[PDB]
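> Quick check, what structure comes out for this input:
(one chain, ligands or ions: 1)
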Amino acid sequence: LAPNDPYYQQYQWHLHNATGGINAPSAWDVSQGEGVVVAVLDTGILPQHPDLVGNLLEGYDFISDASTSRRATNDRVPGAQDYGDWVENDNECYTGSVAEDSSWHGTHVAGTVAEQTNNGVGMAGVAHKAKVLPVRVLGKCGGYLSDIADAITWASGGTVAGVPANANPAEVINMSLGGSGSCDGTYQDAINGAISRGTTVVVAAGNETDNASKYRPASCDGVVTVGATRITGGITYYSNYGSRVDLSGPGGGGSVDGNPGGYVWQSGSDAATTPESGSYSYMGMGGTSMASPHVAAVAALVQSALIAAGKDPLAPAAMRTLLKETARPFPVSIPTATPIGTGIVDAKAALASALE
Ligand SMILES: [Ca+2]
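Numbering: from 1, shown residues only. For reference, the structure is listed below:
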């Protein structure tokens, strides 16, 4: 499939480039992810973005700190509206942090997952007939572990005290987020719970050019940990690495690869603070955050394909095995000391193998 989205051809190398893309055109001949729900645990969403409308569920906001959520209270609430995660001043977050504009990360990630495709608008998305369940866990200066852990439980269809039952438990959770520290019990238990419900958990390796083993949830057991490659198909300058990294997706190499080839391009906003300060747009961003959802979306294409052919969905371990075994080996050598998994997720190869 060569969709008619106006910016797809020039911008979305991560979907269709022969060395650095994930082989989406071919995959899309088989599956677009219809009937599957992917929970995006992130900054929230811009639910009326015209290139996302129709592929979103209401979702929920798990941030239990008014100052982080930018909401009026510490309650968790239905919906996942991103209030904006800007930080106005250096050091507000921790010793040495730099002021930044709102990321709209969750809207960008949600785009990679299921941006409306072949709709004559904007960009394309990978599992563009799936639905995104946005689960807002990140706000100003990031998020709280306890919020993220409950979000995992709920997204996967487990019970959380004080939140209504999730009517739409997700086949796949994407966590484009990370922080220092080997995985704990709190994190590990939530993740184990999701796995036990049949949910594949896909996470970003992190962007510290360091060993993923030192970060969470990258270093958690049972997850698909995703490194980042460039348009060249080689490791990005920032990607984390090490034996925990299962495979890579296109994360974008940044400025060395220029514009557009250095960045992953999806739905977002140019708003510097509140949604209202800007307008709907398409943003180029680079990170293991951008790599993860390519992999998460491929998982969704696979589940969808199976369910369509009467087949059973893969269990989490089988999904990870399939994703790793079918990854395209890197077209540029990866240094021995910085392994980033078996290859670059290959949407078509994953599908072919699952449907054998
Ligand atoms: Ca579109």
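> so where do the strands sit in the stretch 51-200 of the chain?
Along the stretch 51-200 of the chain, the stretches classed as strands by DSSP state E, counting those that start in this stretch are 60-61, 77-78, 131-136, 172-175, 179-180, 200-204.
> Select, out of these, the one closest to the ion.
strand 131-136 (14.0 Å; C-beta to the ion). Bear in mind the C-beta positions are built from the backbone N, C-alpha and C, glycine included.
> which of the strands of the stretch 51-200 of the chain sits most buried?
strand 172-175 (a mean of 32; mean count of other C-beta atoms under 10 Å).
> Give me the packing partners of that one, helices and strands only.
strand 37-42, helix 145-155, strand 200-204, helix 288-308 (3 or more C-beta pairs under 8 Å, 6 or more residues apart in numbering; DSSP states H and E).
> one more time with 10 Å
strand 37-42, helix 105-114, strand 131-136, helix 145-155, helix 185-196, strand 200-204, strand 224-229, helix 288-308 (3 or more C-beta pairs under 10 Å, 6 or more residues apart in numbering; DSSP states H and E).
> Pull that strand out as PDB, backbone CA atoms only.
C-alpha atoms of strand 172-175 as PDB (Å, rounded to 0.1, in the frame of the first residue of the first chain):
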ATOM      1  CA  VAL A 172      -0.200  -4.000  23.600                       C
ATOM      2  CA  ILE A 173       1.200  -1.300  25.900                       C
ATOM      3  CA  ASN A 174       3.800   1.200  24.700                       C
ATOM      4  CA  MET A 175       5.900   3.000  27.200                       C
END
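> Strand partners (parallel or antiparallel) of that strand?
When pairing is defined by DSSP bridges, strand 172-175 lines up against strand 37-42 (parallel), strand 200-204 (parallel).
> show me the contacts for residue 98.
The neighbours of residue 98, taking C-beta atoms under 10 Å, 6 or more residues apart in numbering as the test, are 87, 89-92.
> In the stretch 251-356 of the chain, what residue lies closest to the ion?
For the stretch 251-356 of the chain, C-beta to the ion, closest residue to the ion: residue 267, 8.1 Å.
> distance of that residue from residue 81?
With distances taken as C-beta to C-beta, to the nearest Å, residue 267 is found 15 Å from residue 81.
> Residue numbers of this structure in contact with the ion?
5, 51, 116, 119, 121-122 (C-beta under 5 Å from the ion).
> Could you export those residues to a markdown table, including columns for neighbour count?
Listed next are these as a markdown table, based on neighbours: other C-beta atoms under 10 Å:
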| residue | neighbour count |
| --- | --- |
| 5 | 24 |
| 51 | 25 |
| 116 | 24 |
| 119 | 16 |
| 121 | 16 |
| 122 | 25 |
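> Show me the strands in the stretch 251-356 of the chain, by range?
264-269, 280-285.
> Single out the most deeply packed of those strands.
strand 264-269 (a mean of 28).
> Identify the residues contacting the nearest residue to residue 176 once chain neighbours are set aside.
The shortest distance from residue 176 to any non-neighbouring residue, by C-beta to C-beta, 6 or more residues apart in numbering, is to residue 289 (3.6 Å). Residues near residue 289 by C-beta under 10 Å, 6+ apart: 42-43, 103, 105-106, 108-109, 112, 174-178, 203-204, 206-207, 226, 228, 251, 264.
> Having no further points to raise, I will conclude here.
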